[PDB]
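K.L.:
My sequence and its experimental structure, below.
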Amino acid sequence: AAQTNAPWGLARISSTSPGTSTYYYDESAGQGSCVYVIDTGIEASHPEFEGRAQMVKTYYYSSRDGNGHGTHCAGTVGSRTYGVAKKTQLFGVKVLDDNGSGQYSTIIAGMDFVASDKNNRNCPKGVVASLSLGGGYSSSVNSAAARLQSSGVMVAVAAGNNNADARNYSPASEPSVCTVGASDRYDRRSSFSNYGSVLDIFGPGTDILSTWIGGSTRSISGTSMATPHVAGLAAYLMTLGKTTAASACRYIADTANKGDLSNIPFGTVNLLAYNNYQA
Ligand SMILES: [Ca+2]
Ligand SMILES: [Ca+2]
């Protein structure tokens, strides 16, 4: 399948070179996989989700996304127009408030919730969790991420937006999950993207068009935007049977575009997520 005039990030993950505008993908499109978006919530009623999104847990007064961040990320995972895996099932877990903030205790609870809840869902092709959040180093937060991964869920997390070594941030610094940096449309490391040896992979993160609340759309930037590209890609590859939850991050790194990015510090991987599609 081909989506013409795609958002640049989608086009980029299906090309060996920057500057293309078509997103090439297999028609299976993540059908049968499930992605948990652990964030400010999801506006499930947005036409772009086609009934494939639902809120399953909130830690606040409402399950509504009053912010937009969660809806944007969910859109990059699996919306019709803006999504990597256009037929995946999306589950929202609201661990962040409508200001985009949350306590570590709540974020940890949300991860433990997904590890259990997945056992009640029909996700025959596998389960992914996308975490576009983080803060300063916490061994408890890292441990929760490690547990979620260990339970059989592909965990993708944002590297962070401090232009610093991600070793000082959580859950970015947990080695067992998939830590995602951001790039821009000219194959440069995004100027805000964290780096360091704990990064596993880069994905598109600057000027990313996706869904927003109020049935709208907008373009924003961050490692928060790169992470759902990788989460969606994992769901897509799992549906194709190319990899499993335990090994998806490794497989994505193995099959990445290598050496395409500029402004990568020595010691940080030069790997850009790629779906290796061939018609
Ligand atoms: Ca290339
Ligand atoms: Ca890792």
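P.N.:
Yep, it's here. Residues are numbered from 1 along each chain as shown. Ligands and ions are numbered 1, 2, ... in the order given.

K.L.:
how about the spatially most central residue of the chain, what does it touch?
P.N.:
Residue closest to the mean C-alpha point of the chain, counted by CA atoms, centre = their mean, is residue 228 at 1.9 Å. Contact partners of residue 228, counting by CB atoms under 8 Å, 6 or more residues apart in numbering, are 37, 73-77, 84, 130, 132, 156. Heads up, the C-betas are built off the backbone N, CA and C, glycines and all.

K.L.:
let's see it at 6 Å
P.N.:
Shown in contact with residue 228 (CB atoms under 6 Å, 6 or more residues apart in numbering): 73, 76-77, 130.

K.L.:
For it, which non-adjacent residue is spatially closest?
P.N.:
Distances taken as CB to CB, 6 or more residues apart in numbering put residue 76 closest to residue 228, at 3.9 Å, once the chain neighbours are dropped.

K.L.:
could you measure the one you found against ligand 1, distance?
P.N.:
Counting by CB to the ion, to the nearest Å, the separation of residue 76 from ligand 1 is 22 Å.

K.L.:
Just read off the phi/psi values of that residue.
P.N.:
Phi and psi for residue 76, reported as degrees, to the nearest 10, are phi -70, psi -30.

K.L.:
Equivalent analysis for residue 119, please.
P.N.:
According to degrees, to the nearest 10, residue 119 has phi -70, psi -10.

K.L.:
give me every residue that touches the residue in the chain that ligand 2 sits nearest to.
P.N.:
Proximity of the chain to ligand 2 (CB to the ion) peaks at residue 200, 4.3 Å away. Contacts for residue 200 (CB under 6 Å, 6+ apart) come out as 178-179, 249, 253.

K.L.:
Surely residue 128 is in a strand?
P.N.:
Yes: with DSSP: H, G, I helix; E, B strand; the rest coil as the criterion, residue 128 is located in a strand.

K.L.:
That one: what's it in contact with?
P.N.:
By CB under 6 Å, 6+ apart, the residues touching residue 128 are 35, 154, 231, 234-235.

K.L.:
Pick the one among the contacts of residue 228 closest to residue 263.
P.N.:
Residue 263 lies nearest to residue 76 out of the contacts of residue 228, by CB to CB, at 22.8 Å.

K.L.:
Count the neighbours of that closest one for me.
P.N.:
If you count neighbours by other CB atoms under 10 Å, residue 76 ends up with 32.

K.L.:
go on, residue 270?
P.N.:
For residue 270, the neighbour count with other CB under 10 Å is 15.

K.L.:
And it, how close does it get to residue 16?
P.N.:
Going from residue 270 to residue 16 by CB to CB, to the nearest Å gives 14 Å.

K.L.:
now the residue of the stretch 51-200 of the chain found nearest ligand 1: how far from residue 266?
P.N.:
Residue of the stretch 51-200 of the chain nearest ligand 1, by CB to the ion: residue 187 (8.0 Å). Separation of residue 187 from residue 266 (CB to CB): 18 Å.

K.L.:
Contact residues of the protein facing ligand 1?
P.N.:
By CB under 5 Å from the ion, the residues of the chain that approach ligand 1 are 16, 257, 260.

K.L.:
which residues touch the first one?
P.N.:
With contact set as CB under 6 Å, 6+ apart, residue 16 has these partners: residue 257.

K.L.:
In which helix or strand does it reside?
P.N.:
Residue 16 belongs to no helix or strand when assigned by DSSP states H and E.

K.L.:
just residue 175 next, same as before
P.N.:
Using DSSP H and E, residue 175 maps to neither a helix nor a strand.

K.L.:
which element follows whichever strand or helix holds the residue nearest to the centre of the chain toward the C-terminus?
P.N.:
Using DSSP H and E, residue 228 maps to helix 223-239. Next helix or strand after helix 223-239 toward the C-terminus (DSSP H and E): helix 248-254.

K.L.:
Show me what counts as buried in that following helix.
P.N.:
For helix 248-254, burial by neighbour count (16 or more other CB atoms under 10 Å) applies to 248-249, 251-253.

K.L.:
Could you confirm residue 167 falls within a helix?
P.N.:
Yes: checked against three-state DSSP, residue 167 lies within a helix.

K.L.:
Since that was my last question, I'll sign off now.
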